[PDB]
file final_23.pdb (PDB, C-alpha atoms and all ligand atoms)
ATOM      1  CA  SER B   1     -64.588 141.095  99.397  1.00  0.00           C
ATOM      2  CA  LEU B   2     -66.712 143.220 101.759  1.00  0.00           C
ATOM      3  CA  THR B   3     -65.441 141.961 105.138  1.00  0.00           C
ATOM      4  CA  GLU B   4     -61.914 142.868 103.999  1.00  0.00           C
ATOM      5  CA  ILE B   5     -63.084 146.450 103.579  1.00  0.00           C
ATOM      6  CA  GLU B   6     -64.811 146.606 106.964  1.00  0.00           C
ATOM      7  CA  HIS B   7     -61.490 145.335 108.372  1.00  0.00           C
ATOM      8  CA  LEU B   8     -59.601 148.041 106.480  1.00  0.00           C
ATOM      9  CA  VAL B   9     -61.868 150.775 107.906  1.00  0.00           C
ATOM     10  CA  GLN B  10     -61.332 149.401 111.421  1.00  0.00           C
ATOM     11  CA  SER B  11     -57.611 149.063 110.706  1.00  0.00           C
ATOM     12  CA  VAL B  12     -57.294 152.696 109.572  1.00  0.00           C
ATOM     13  CA  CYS B  13     -59.337 154.144 112.473  1.00  0.00           C
ATOM     14  CA  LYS B  14     -57.278 152.268 115.086  1.00  0.00           C
ATOM     15  CA  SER B  15     -54.073 153.644 113.549  1.00  0.00           C
ATOM     16  CA  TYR B  16     -55.403 157.192 113.816  1.00  0.00           C
ATOM     17  CA  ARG B  17     -56.657 156.755 117.401  1.00  0.00           C
ATOM     18  CA  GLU B  18     -53.170 155.605 118.395  1.00  0.00           C
ATOM     19  CA  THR B  19     -51.427 158.462 116.507  1.00  0.00           C
ATOM     20  CA  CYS B  20     -53.767 161.462 116.834  1.00  0.00           C
ATOM     21  CA  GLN B  21     -51.174 163.313 118.983  1.00  0.00           C
ATOM     22  CA  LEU B  22     -53.923 165.199 120.847  1.00  0.00           C
ATOM     23  CA  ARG B  23     -57.093 163.523 122.071  1.00  0.00           C
ATOM     24  CA  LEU B  24     -60.300 165.259 120.969  1.00  0.00           C
ATOM     25  CA  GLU B  25     -61.734 165.141 124.508  1.00  0.00           C
ATOM     26  CA  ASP B  26     -58.767 167.194 125.763  1.00  0.00           C
ATOM     27  CA  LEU B  27     -59.072 169.813 123.000  1.00  0.00           C
ATOM     28  CA  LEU B  28     -62.841 170.225 123.439  1.00  0.00           C
ATOM     29  CA  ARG B  29     -62.909 170.603 127.234  1.00  0.00           C
ATOM     30  CA  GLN B  30     -60.089 173.153 127.109  1.00  0.00           C
ATOM     31  CA  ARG B  31     -62.040 175.400 124.706  1.00  0.00           C
ATOM     32  CA  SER B  32     -62.794 177.661 127.697  1.00  0.00           C
ATOM     33  CA  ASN B  33     -59.055 178.004 128.416  1.00  0.00           C
ATOM     34  CA  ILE B  34     -58.265 181.189 126.477  1.00  0.00           C
ATOM     35  CA  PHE B  35     -55.090 183.318 126.424  1.00  0.00           C
ATOM     36  CA  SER B  36     -55.332 186.594 128.335  1.00  0.00           C
ATOM     37  CA  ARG B  37     -54.926 189.977 126.640  1.00  0.00           C
ATOM     38  CA  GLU B  38     -51.525 190.042 128.383  1.00  0.00           C
ATOM     39  CA  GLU B  39     -50.363 186.609 127.178  1.00  0.00           C
ATOM     40  CA  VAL B  40     -51.138 187.447 123.528  1.00  0.00           C
ATOM     41  CA  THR B  41     -49.021 190.620 123.786  1.00  0.00           C
ATOM     42  CA  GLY B  42     -46.211 188.332 124.960  1.00  0.00           C
ATOM     43  CA  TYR B  43     -46.460 186.339 121.738  1.00  0.00           C
ATOM     44  CA  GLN B  44     -46.977 189.497 119.680  1.00  0.00           C
ATOM     45  CA  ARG B  45     -43.806 191.044 121.106  1.00  0.00           C
ATOM     46  CA  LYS B  46     -41.628 188.041 120.145  1.00  0.00           C
ATOM     47  CA  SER B  47     -39.412 188.190 117.062  1.00  0.00           C
ATOM     48  CA  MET B  48     -40.095 186.536 113.695  1.00  0.00           C
ATOM     49  CA  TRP B  49     -37.207 184.185 114.362  1.00  0.00           C
ATOM     50  CA  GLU B  50     -38.421 182.962 117.730  1.00  0.00           C
ATOM     51  CA  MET B  51     -41.955 182.646 116.435  1.00  0.00           C
ATOM     52  CA  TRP B  52     -40.826 180.768 113.283  1.00  0.00           C
ATOM     53  CA  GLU B  53     -38.657 178.303 115.173  1.00  0.00           C
ATOM     54  CA  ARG B  54     -41.490 177.634 117.654  1.00  0.00           C
ATOM     55  CA  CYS B  55     -43.991 176.863 114.886  1.00  0.00           C
ATOM     56  CA  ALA B  56     -41.453 174.793 112.959  1.00  0.00           C
ATOM     57  CA  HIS B  57     -41.004 172.711 116.132  1.00  0.00           C
ATOM     58  CA  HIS B  58     -44.719 172.011 116.508  1.00  0.00           C
ATOM     59  CA  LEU B  59     -44.928 171.109 112.839  1.00  0.00           C
ATOM     60  CA  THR B  60     -41.972 168.682 112.892  1.00  0.00           C
ATOM     61  CA  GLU B  61     -43.533 167.122 115.994  1.00  0.00           C
ATOM     62  CA  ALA B  62     -46.912 166.802 114.279  1.00  0.00           C
ATOM     63  CA  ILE B  63     -45.199 165.248 111.238  1.00  0.00           C
ATOM     64  CA  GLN B  64     -43.642 162.554 113.463  1.00  0.00           C
ATOM     65  CA  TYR B  65     -47.139 161.387 114.429  1.00  0.00           C
ATOM     66  CA  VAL B  66     -48.274 161.518 110.791  1.00  0.00           C
ATOM     67  CA  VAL B  67     -45.265 159.357 109.892  1.00  0.00           C
ATOM     68  CA  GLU B  68     -46.181 156.851 112.640  1.00  0.00           C
ATOM     69  CA  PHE B  69     -49.733 156.912 111.265  1.00  0.00           C
ATOM     70  CA  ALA B  70     -48.513 156.057 107.748  1.00  0.00           C
ATOM     71  CA  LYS B  71     -46.449 153.143 109.099  1.00  0.00           C
ATOM     72  CA  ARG B  72     -49.489 151.477 110.706  1.00  0.00           C
ATOM     73  CA  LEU B  73     -51.417 151.946 107.443  1.00  0.00           C
ATOM     74  CA  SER B  74     -52.228 148.744 105.561  1.00  0.00           C
ATOM     75  CA  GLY B  75     -50.151 148.567 102.391  1.00  0.00           C
ATOM     76  CA  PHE B  76     -47.822 151.514 102.969  1.00  0.00           C
ATOM     77  CA  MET B  77     -45.038 149.386 104.475  1.00  0.00           C
ATOM     78  CA  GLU B  78     -45.167 147.038 101.452  1.00  0.00           C
ATOM     79  CA  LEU B  79     -44.273 149.911  99.093  1.00  0.00           C
ATOM     80  CA  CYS B  80     -40.642 150.585  98.138  1.00  0.00           C
ATOM     81  CA  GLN B  81     -38.433 153.119  99.928  1.00  0.00           C
ATOM     82  CA  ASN B  82     -38.751 155.630  97.064  1.00  0.00           C
ATOM     83  CA  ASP B  83     -42.539 155.769  96.859  1.00  0.00           C
ATOM     84  CA  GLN B  84     -42.810 155.893 100.666  1.00  0.00           C
ATOM     85  CA  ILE B  85     -40.703 159.078 100.663  1.00  0.00           C
ATOM     86  CA  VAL B  86     -42.538 160.502  97.632  1.00  0.00           C
ATOM     87  CA  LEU B  87     -45.974 160.046  99.255  1.00  0.00           C
ATOM     88  CA  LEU B  88     -44.761 161.324 102.630  1.00  0.00           C
ATOM     89  CA  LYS B  89     -42.854 164.440 101.570  1.00  0.00           C
ATOM     90  CA  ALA B  90     -45.875 165.528  99.518  1.00  0.00           C
ATOM     91  CA  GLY B  91     -48.695 164.642 101.900  1.00  0.00           C
ATOM     92  CA  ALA B  92     -47.402 164.621 105.485  1.00  0.00           C
ATOM     93  CA  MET B  93     -47.788 168.405 105.410  1.00  0.00           C
ATOM     94  CA  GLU B  94     -51.274 168.163 103.877  1.00  0.00           C
ATOM     95  CA  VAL B  95     -52.357 165.695 106.576  1.00  0.00           C
ATOM     96  CA  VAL B  96     -51.119 168.048 109.313  1.00  0.00           C
ATOM     97  CA  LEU B  97     -53.349 170.803 107.889  1.00  0.00           C
ATOM     98  CA  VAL B  98     -56.380 168.529 107.837  1.00  0.00           C
ATOM     99  CA  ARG B  99     -55.619 167.318 111.377  1.00  0.00           C
ATOM    100  CA  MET B 100     -55.472 170.922 112.626  1.00  0.00           C
ATOM    101  CA  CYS B 101     -59.221 171.565 112.261  1.00  0.00           C
ATOM    102  CA  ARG B 102     -59.777 169.443 115.393  1.00  0.00           C
ATOM    103  CA  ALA B 103     -57.884 172.101 117.353  1.00  0.00           C
ATOM    104  CA  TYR B 104     -59.992 174.924 115.891  1.00  0.00           C
ATOM    105  CA  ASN B 105     -63.026 176.453 117.569  1.00  0.00           C
ATOM    106  CA  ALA B 106     -65.539 178.059 115.208  1.00  0.00           C
ATOM    107  CA  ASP B 107     -67.519 179.660 118.069  1.00  0.00           C
ATOM    108  CA  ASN B 108     -64.853 182.282 118.818  1.00  0.00           C
ATOM    109  CA  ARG B 109     -62.443 181.795 115.880  1.00  0.00           C
ATOM    110  CA  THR B 110     -59.552 180.544 118.028  1.00  0.00           C
ATOM    111  CA  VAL B 111     -57.054 177.690 117.794  1.00  0.00           C
ATOM    112  CA  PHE B 112     -55.236 175.579 120.413  1.00  0.00           C
ATOM    113  CA  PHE B 113     -51.593 176.629 120.555  1.00  0.00           C
ATOM    114  CA  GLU B 114     -49.146 175.727 123.340  1.00  0.00           C
ATOM    115  CA  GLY B 115     -51.597 174.960 126.142  1.00  0.00           C
ATOM    116  CA  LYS B 116     -54.379 177.482 125.467  1.00  0.00           C
ATOM    117  CA  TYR B 117     -56.757 178.795 122.800  1.00  0.00           C
ATOM    118  CA  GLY B 118     -56.061 182.022 120.873  1.00  0.00           C
ATOM    119  CA  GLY B 119     -57.185 183.944 117.778  1.00  0.00           C
ATOM    120  CA  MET B 120     -55.015 184.796 114.797  1.00  0.00           C
ATOM    121  CA  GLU B 121     -53.660 187.979 116.410  1.00  0.00           C
ATOM    122  CA  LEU B 122     -51.426 185.547 118.318  1.00  0.00           C
ATOM    123  CA  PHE B 123     -49.166 185.088 115.269  1.00  0.00           C
ATOM    124  CA  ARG B 124     -48.731 188.763 114.357  1.00  0.00           C
ATOM    125  CA  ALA B 125     -44.951 188.511 114.735  1.00  0.00           C
ATOM    126  CA  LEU B 126     -44.601 185.952 111.909  1.00  0.00           C
ATOM    127  CA  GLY B 127     -45.250 188.846 109.511  1.00  0.00           C
ATOM    128  CA  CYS B 128     -47.510 186.833 107.206  1.00  0.00           C
ATOM    129  CA  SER B 129     -51.162 187.786 107.668  1.00  0.00           C
ATOM    130  CA  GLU B 130     -52.330 186.047 104.440  1.00  0.00           C
ATOM    131  CA  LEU B 131     -50.798 182.680 105.337  1.00  0.00           C
ATOM    132  CA  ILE B 132     -52.336 182.631 108.836  1.00  0.00           C
ATOM    133  CA  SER B 133     -55.711 183.703 107.410  1.00  0.00           C
ATOM    134  CA  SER B 134     -55.557 180.802 104.939  1.00  0.00           C
ATOM    135  CA  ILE B 135     -55.047 178.391 107.823  1.00  0.00           C
ATOM    136  CA  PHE B 136     -57.961 179.819 109.811  1.00  0.00           C
ATOM    137  CA  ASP B 137     -60.339 180.009 106.825  1.00  0.00           C
ATOM    138  CA  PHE B 138     -59.514 176.440 105.855  1.00  0.00           C
ATOM    139  CA  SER B 139     -60.040 175.097 109.381  1.00  0.00           C
ATOM    140  CA  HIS B 140     -63.270 177.095 109.695  1.00  0.00           C
ATOM    141  CA  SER B 141     -64.697 175.525 106.545  1.00  0.00           C
ATOM    142  CA  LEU B 142     -63.709 172.014 107.696  1.00  0.00           C
ATOM    143  CA  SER B 143     -65.073 172.642 111.212  1.00  0.00           C
ATOM    144  CA  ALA B 144     -68.613 173.281 109.909  1.00  0.00           C
ATOM    145  CA  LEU B 145     -68.642 169.670 108.643  1.00  0.00           C
ATOM    146  CA  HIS B 146     -68.134 168.314 112.186  1.00  0.00           C
ATOM    147  CA  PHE B 147     -65.677 165.643 111.057  1.00  0.00           C
ATOM    148  CA  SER B 148     -65.676 162.565 113.246  1.00  0.00           C
ATOM    149  CA  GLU B 149     -62.353 160.956 114.191  1.00  0.00           C
ATOM    150  CA  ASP B 150     -63.080 158.071 111.808  1.00  0.00           C
ATOM    151  CA  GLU B 151     -63.903 160.473 108.965  1.00  0.00           C
ATOM    152  CA  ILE B 152     -60.577 162.229 109.621  1.00  0.00           C
ATOM    153  CA  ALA B 153     -58.785 158.880 109.787  1.00  0.00           C
ATOM    154  CA  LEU B 154     -60.181 157.727 106.467  1.00  0.00           C
ATOM    155  CA  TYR B 155     -59.831 161.093 104.728  1.00  0.00           C
ATOM    156  CA  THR B 156     -56.235 161.718 105.775  1.00  0.00           C
ATOM    157  CA  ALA B 157     -55.335 158.203 104.622  1.00  0.00           C
ATOM    158  CA  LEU B 158     -56.653 159.137 101.168  1.00  0.00           C
ATOM    159  CA  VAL B 159     -54.752 162.450 101.277  1.00  0.00           C
ATOM    160  CA  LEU B 160     -51.543 160.531 101.948  1.00  0.00           C
ATOM    161  CA  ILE B 161     -52.102 157.556  99.618  1.00  0.00           C
ATOM    162  CA  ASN B 162     -52.501 159.275  96.240  1.00  0.00           C
ATOM    163  CA  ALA B 163     -51.345 157.774  92.919  1.00  0.00           C
ATOM    164  CA  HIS B 164     -51.179 161.210  91.227  1.00  0.00           C
ATOM    165  CA  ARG B 165     -47.994 162.341  92.966  1.00  0.00           C
ATOM    166  CA  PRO B 166     -45.197 162.814  90.400  1.00  0.00           C
ATOM    167  CA  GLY B 167     -42.169 160.482  90.445  1.00  0.00           C
ATOM    168  CA  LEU B 168     -43.887 157.305  91.633  1.00  0.00           C
ATOM    169  CA  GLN B 169     -42.149 154.156  90.425  1.00  0.00           C
ATOM    170  CA  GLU B 170     -44.673 151.558  91.575  1.00  0.00           C
ATOM    171  CA  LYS B 171     -47.697 153.607  90.433  1.00  0.00           C
ATOM    172  CA  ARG B 172     -49.927 150.609  89.709  1.00  0.00           C
ATOM    173  CA  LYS B 173     -49.573 149.434  93.322  1.00  0.00           C
ATOM    174  CA  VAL B 174     -50.400 152.839  94.788  1.00  0.00           C
ATOM    175  CA  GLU B 175     -53.556 152.947  92.635  1.00  0.00           C
ATOM    176  CA  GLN B 176     -54.689 149.591  94.091  1.00  0.00           C
ATOM    177  CA  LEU B 177     -54.091 150.914  97.604  1.00  0.00           C
ATOM    178  CA  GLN B 178     -55.891 154.234  97.035  1.00  0.00           C
ATOM    179  CA  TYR B 179     -58.795 152.293  95.509  1.00  0.00           C
ATOM    180  CA  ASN B 180     -59.434 150.120  98.539  1.00  0.00           C
ATOM    181  CA  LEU B 181     -59.179 153.178 100.769  1.00  0.00           C
ATOM    182  CA  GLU B 182     -61.700 155.076  98.600  1.00  0.00           C
ATOM    183  CA  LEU B 183     -64.114 152.158  98.885  1.00  0.00           C
ATOM    184  CA  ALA B 184     -63.508 151.905 102.639  1.00  0.00           C
ATOM    185  CA  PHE B 185     -64.304 155.605 103.004  1.00  0.00           C
ATOM    186  CA  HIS B 186     -67.482 155.361 100.915  1.00  0.00           C
ATOM    187  CA  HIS B 187     -68.617 152.221 102.676  1.00  0.00           C
ATOM    188  CA  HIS B 188     -68.213 153.840 106.076  1.00  0.00           C
ATOM    189  CA  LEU B 189     -69.996 157.073 105.225  1.00  0.00           C
ATOM    190  CA  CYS B 190     -72.844 154.833 104.094  1.00  0.00           C
ATOM    191  CA  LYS B 191     -72.887 152.855 107.342  1.00  0.00           C
ATOM    192  CA  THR B 192     -72.910 156.144 109.275  1.00  0.00           C
ATOM    193  CA  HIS B 193     -75.403 158.062 107.070  1.00  0.00           C
ATOM    194  CA  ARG B 194     -72.750 160.654 106.361  1.00  0.00           C
ATOM    195  CA  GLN B 195     -72.592 160.570 102.526  1.00  0.00           C
ATOM    196  CA  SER B 196     -73.306 164.322 102.637  1.00  0.00           C
ATOM    197  CA  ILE B 197     -69.739 165.324 103.598  1.00  0.00           C
ATOM    198  CA  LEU B 198     -68.314 164.301 100.169  1.00  0.00           C
ATOM    199  CA  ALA B 199     -69.706 167.291  98.250  1.00  0.00           C
ATOM    200  CA  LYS B 200     -68.596 169.516 101.147  1.00  0.00           C
ATOM    201  CA  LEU B 201     -64.990 168.224 101.126  1.00  0.00           C
ATOM    202  CA  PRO B 202     -62.231 170.580  99.953  1.00  0.00           C
ATOM    203  CA  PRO B 203     -61.660 170.395  96.200  1.00  0.00           C
ATOM    204  CA  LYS B 204     -58.646 168.367  95.140  1.00  0.00           C
ATOM    205  CA  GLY B 205     -55.905 170.883  94.425  1.00  0.00           C
ATOM    206  CA  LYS B 206     -56.909 173.214  97.268  1.00  0.00           C
ATOM    207  CA  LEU B 207     -54.985 171.255  99.917  1.00  0.00           C
ATOM    208  CA  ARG B 208     -51.973 171.011  97.599  1.00  0.00           C
ATOM    209  CA  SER B 209     -52.162 174.707  96.644  1.00  0.00           C
ATOM    210  CA  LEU B 210     -52.187 175.697 100.338  1.00  0.00           C
ATOM    211  CA  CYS B 211     -49.266 173.485 101.354  1.00  0.00           C
ATOM    212  CA  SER B 212     -47.184 174.684  98.429  1.00  0.00           C
ATOM    213  CA  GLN B 213     -47.602 178.290  99.625  1.00  0.00           C
ATOM    214  CA  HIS B 214     -46.846 177.373 103.249  1.00  0.00           C
ATOM    215  CA  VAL B 215     -43.736 175.400 102.347  1.00  0.00           C
ATOM    216  CA  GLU B 216     -42.384 178.231 100.183  1.00  0.00           C
ATOM    217  CA  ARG B 217     -42.764 180.824 102.969  1.00  0.00           C
ATOM    218  CA  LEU B 218     -41.201 178.381 105.440  1.00  0.00           C
ATOM    219  CA  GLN B 219     -38.113 177.589 103.327  1.00  0.00           C
ATOM    220  CA  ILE B 220     -37.252 181.305 103.409  1.00  0.00           C
ATOM    221  CA  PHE B 221     -36.776 180.997 107.191  1.00  0.00           C
TER     222      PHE B 221
HETATM  223  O1  LIG B 301     -49.320 174.374 116.044  1.00  0.00           O
HETATM  224  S1  LIG B 301     -48.781 175.155 114.979  1.00  0.00           S
HETATM  225  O2  LIG B 301     -47.599 175.926 115.173  1.00  0.00           O
HETATM  226  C1  LIG B 301     -50.032 176.338 114.551  1.00  0.00           C
HETATM  227  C2  LIG B 301     -49.755 177.370 113.661  1.00  0.00           C
HETATM  228  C3  LIG B 301     -50.734 178.288 113.315  1.00  0.00           C
HETATM  229  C4  LIG B 301     -52.001 178.185 113.868  1.00  0.00           C
HETATM  230  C5  LIG B 301     -52.283 177.162 114.761  1.00  0.00           C
HETATM  231  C6  LIG B 301     -51.304 176.242 115.103  1.00  0.00           C
HETATM  232  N1  LIG B 301     -48.541 174.127 113.662  1.00  0.00           N
HETATM  233  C7  LIG B 301     -49.724 173.267 113.548  1.00  0.00           C
HETATM  234  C8  LIG B 301     -49.303 171.825 113.774  1.00  0.00           C
HETATM  235  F1  LIG B 301     -50.380 170.984 113.482  1.00  0.00           F
HETATM  236  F2  LIG B 301     -48.220 171.559 112.931  1.00  0.00           F
HETATM  237  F3  LIG B 301     -48.929 171.658 115.110  1.00  0.00           F
HETATM  238  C9  LIG B 301     -48.118 174.784 112.490  1.00  0.00           C
HETATM  239  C10 LIG B 301     -46.873 175.406 112.445  1.00  0.00           C
HETATM  240  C11 LIG B 301     -46.454 176.073 111.306  1.00  0.00           C
HETATM  241  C12 LIG B 301     -47.271 176.138 110.176  1.00  0.00           C
HETATM  242  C13 LIG B 301     -46.875 176.866 108.905  1.00  0.00           C
HETATM  243  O3  LIG B 301     -47.878 176.650 107.907  1.00  0.00           O
HETATM  244  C14 LIG B 301     -45.537 176.412 108.323  1.00  0.00           C
HETATM  245  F4  LIG B 301     -45.479 176.853 106.999  1.00  0.00           F
HETATM  246  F5  LIG B 301     -44.493 177.008 109.035  1.00  0.00           F
HETATM  247  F6  LIG B 301     -45.433 175.017 108.365  1.00  0.00           F
HETATM  248  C15 LIG B 301     -46.769 178.377 109.142  1.00  0.00           C
HETATM  249  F7  LIG B 301     -45.704 178.667 110.001  1.00  0.00           F
HETATM  250  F8  LIG B 301     -46.523 178.972 107.905  1.00  0.00           F
HETATM  251  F9  LIG B 301     -47.951 178.899 109.680  1.00  0.00           F
HETATM  252  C16 LIG B 301     -48.510 175.524 110.216  1.00  0.00           C
HETATM  253  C17 LIG B 301     -48.931 174.855 111.355  1.00  0.00           C
END
call {"tool": "encode", "arguments": {"input": "final_23.pdb", "output": "structure tokens"}}
result
Amino acid sequence: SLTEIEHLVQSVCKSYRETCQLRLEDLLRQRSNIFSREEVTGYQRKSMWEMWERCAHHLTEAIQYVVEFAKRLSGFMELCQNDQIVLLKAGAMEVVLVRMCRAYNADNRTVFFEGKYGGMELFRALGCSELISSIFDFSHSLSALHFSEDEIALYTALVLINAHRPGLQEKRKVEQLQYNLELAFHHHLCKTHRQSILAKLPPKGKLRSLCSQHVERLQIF
């Protein structure tokens, strides 16, 4: 019914609030805390290897919270061990990317990274301009939509629970789950007068195309 769906919305948003890693109020009030021209040089002078192993640490950490988010998600636990791993190893990464836009400031084109805010010149040492630019451009486009926490909660759930991932065994059951989440998302945008964000959402395939490029560069190192 309908009450079930309102419950599902509430259920999903609680799970995100508990597992958002960084509170929005902390990220917003620290927007004035910017790296000095000296501190950026410090990061710029580091080696690829140090810089890669730092970023890979923050990512793994972020993925832990995404995993904890998936576990609190209604229906996910009921799935088999195979489909759980299929959905996670495909989408955990994609969720992390979506989550990142909260840490992005469009006013000065900076991102929160290890305590302070800094532009993309901070990652010079990684040696991959195009990849970093992708991340910033993607976050910038998502930041203009002013995603609420609940919108992020519901959207990331749908990113993660997708019945189009190859190698699913219990496909029919993942469809059912996705379904209810789609409805929950649409219901809530209606309740909040935010139906507008749908047409402004990233096209399906974009998220996946980004991740696939990021994972390939990463596996090198
Ligand atoms: O905090 S991060 O290191 C970060 C990287 C770049 C810009 C801002 C923040 N981290 C973001 C996270 F949400 F995971 F904390 C992050 C680390 C590494 C990446 C990479 O995409 C990849 F491929 F290594 F996973 C890349 F290193 F390529 F940038 C992406 C994001």
call {"tool": "residues_around", "arguments": {"input": "final_23.pdb", "residues": "region 16-18 of chain B", "least_positions_apart": "6", "cutoff": "10 Å", "atoms": "all atoms listed in the file", "output": "PyMOL selection string"}}
result
chain B and resi 24+65-66+68-70+72-73+149-150+152-154+156-157
call {"tool": "closest_residue", "arguments": {"input": "final_23.pdb", "among": "B:92, B:220, B:135, B:163", "to": "ligand LIG 301 (chain B)", "atoms": "all atoms listed in the file"}}
result
B:135
call {"tool": "resolve_selection", "arguments": {"input": "final_23.pdb", "expression": "the PyMOL selection byres (((not hetatm)) within 6 of (chain B and resi 301))", "output": "list in words"}}
result
residues 55, 56, 58, 59, 62, 96, 100, 111, 113, 132, 214, 215 and 218 of chain B
call {"tool": "closest_residue", "arguments": {"input": "final_23.pdb", "among": "B:46, B:140, B:31, B:186", "to": "residue 115 (chain B)", "atoms": "all atoms listed in the file"}}
result
B:31
call {"tool": "residues_around", "arguments": {"input": "final_23.pdb", "residues": "residue 109 (chain B)", "least_positions_apart": "6", "cutoff": "10 Å", "atoms": "all atoms listed in the file", "output": "JSON list (two decimals) with C-alpha atoms, in the coordinates of the input"}}
result
[["chain", "number", "residue", "atom", "x", "y", "z"],
["B", 117, "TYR", "CA", -56.76, 178.80, 122.80],
["B", 118, "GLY", "CA", -56.06, 182.02, 120.87],
["B", 119, "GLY", "CA", -57.18, 183.94, 117.78],
["B", 120, "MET", "CA", -55.02, 184.80, 114.80],
["B", 136, "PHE", "CA", -57.96, 179.82, 109.81],
["B", 137, "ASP", "CA", -60.34, 180.01, 106.82],
["B", 139, "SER", "CA", -60.04, 175.10, 109.38],
["B", 140, "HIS", "CA", -63.27, 177.10, 109.70]]
call {"tool": "atom_distance", "arguments": {"input": "final_23.pdb", "atom1": "CA of residue 180 (chain B)", "atom2": "CA of residue 144 (chain B)"}}
result
27.4 Å
call {"tool": "residues_around", "arguments": {"input": "final_23.pdb", "residues": "region 76-83 of chain B", "least_positions_apart": "6", "cutoff": "12 Å", "atoms": "only C-alpha atoms", "output": "JSON, numbers by chain"}}
result
{"B": [12, 67, 68, 69, 70, 89, 90, 91, 157, 158, 160, 161, 162, 163, 164, 165, 166, 167, 168, 169, 170, 171, 172, 173, 174, 175, 176, 177, 178, 181]}
call {"tool": "closest_residue", "arguments": {"input": "final_23.pdb", "among": "B:201, B:189, B:184, B:63", "to": "residue 11 (chain B)", "atoms": "all atoms listed in the file"}}
result
B:184
call {"tool": "closest_residue", "arguments": {"input": "final_23.pdb", "among": "B:106, B:36, B:43, B:159", "to": "residue 88 (chain B)", "atoms": "only C-alpha atoms"}}
result
B:159
